[PDB]
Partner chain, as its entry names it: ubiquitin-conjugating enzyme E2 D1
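Below you will find one chain, with nothing else, as structure tokens; this is the form solved without the partner chain, and questions on how it binds or moves follow later.
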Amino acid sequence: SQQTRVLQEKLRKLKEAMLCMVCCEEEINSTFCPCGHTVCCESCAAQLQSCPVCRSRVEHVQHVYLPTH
């Protein structure tokens, strides 16, 4: 039904929100510290000097284990 289509769209958007903002291919699993933006996969986060969201200096990257992984 049309309701089935609406739910498919919501599921797709939620799943897309869990993907890396740089490569759009791998799941987010890394946090820029200390700002806390958690928007990249490990490969993309490794090479950034500043947060791509707020421009804060990245002191280090913390790996995150999320239940959604």
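Positions refer to the first chain, counted from 1. Here, rigid core means the biggest group of C-alpha atoms that superpose within 1.5 Å across both forms. Only residues modelled in both forms are compared.
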If you average the CA temperature factors over each stretch, which comes out higher, 45 to 53 or 15 to 23? 15 to 23
Return whichever of 4 to 12 and 58 to 66 has the greater mean Cα B factor according to the PDB record. 4 to 12
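Below, we turn to the form solved in complex with the partner chain, even though it does not appear here.
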Decide whether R57 counts as a contact residue for the partner chain in the bound PDB entry under a heavy atom distance cut-off of 4.5 Å. no
Core-superposed, runs of 3+ residues with CA shift of 2 Å or more between the shown form and the other one span 66 to 69
